[PDB]
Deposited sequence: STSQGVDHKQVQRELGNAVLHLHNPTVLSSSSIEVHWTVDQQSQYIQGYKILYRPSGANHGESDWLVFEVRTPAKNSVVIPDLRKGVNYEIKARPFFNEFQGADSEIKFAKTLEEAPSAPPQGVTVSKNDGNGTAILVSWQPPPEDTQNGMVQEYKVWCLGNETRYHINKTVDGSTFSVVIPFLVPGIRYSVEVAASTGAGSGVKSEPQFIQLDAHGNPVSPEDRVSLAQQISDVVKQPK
């Protein structure tokens, strides 16, 4: 019990192995490359811990995911399996067995956005007080794949020569379509768009107005 390391010595050296974390390099919608340089490398060094987590409410210093780099010779690594279009917080520290060095500076990097992988929810078409009001709610946050920049509304007549398109910003959840040609069934679909493009369209809601401008149900047609 007399020929091991001096923990005070190991802790000091490890603490002095200053890990300088560079600006992360975003590789894809689900991966980010981290790179670092170490000044005054410790003579006790097993590797590095890369701590990372998405933006959002968290529970402090214990609330991180950990990617363990098990060799001191590496100066970079790819963090895979990340949420799409999400801002990440990243830091790194050297370690040697049970001992850990000091955390690097904190860095932030956002994975690449993709088009939303789910449609807007609750798409509804209503007579507006020959105009209709189209209303919806955003796709589930976890399907958005980034910040929603706008919503695209398509209003397509059964006779496709009749069509109307509308764009509203990402904080707008309804839009008025002023005029529909009476007697024509229109299909209404909405898609959310991030910076990476338009996502999946909602399955169509149908509406047809009579000459008075009032909705005629499918049931009422066959009459």
- Note on the structure: Per the record, the structure omits deposited positions 1, 131-133, 228-240
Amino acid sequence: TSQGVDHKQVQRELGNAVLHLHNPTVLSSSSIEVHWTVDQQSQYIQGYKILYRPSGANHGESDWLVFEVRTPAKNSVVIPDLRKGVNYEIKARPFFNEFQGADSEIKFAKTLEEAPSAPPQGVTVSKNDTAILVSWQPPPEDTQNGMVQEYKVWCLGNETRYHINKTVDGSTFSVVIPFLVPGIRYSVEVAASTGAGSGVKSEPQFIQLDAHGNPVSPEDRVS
From here on, numbers count along this sequence of modelled residues.
- Assert higher mean C-alpha B factor (89-97 or 136-144, deposited values) equals 136-144
- Task: Tell me which of 209-217 and 6-14 has the higher mean C-alpha B-factor in the deposited entry.
- Result: 209-217
- Message: Using only the C-alpha B-factors in the record, can you name which of 188, 65, 26, 177 has the highest?
- Response: 177
- Query: If you compare 35, 49, 161, 53, which has the highest Cα B-factor in the entry?
  - Reply: 161
- Query: Going by the entry, which third of its chain does the Cα temperature factor of residue 121 land in?
  - Reply: middle
- Sort the modelled residues of this chain by their C-alpha B factor and say whether residue 197 lands in the lowest, middle or highest third. middle
- Message: Can you tell me whether residue 104 has a C-alpha B-factor in the lowest, middle or highest third compared with the other modelled residues of the same chain?
- Response: lowest
- Assert third(CA B-factor, residue 131) within chain per record equals highest
- Chain-relative C-alpha B factor for residue 69 (record values, thirds): the lowest
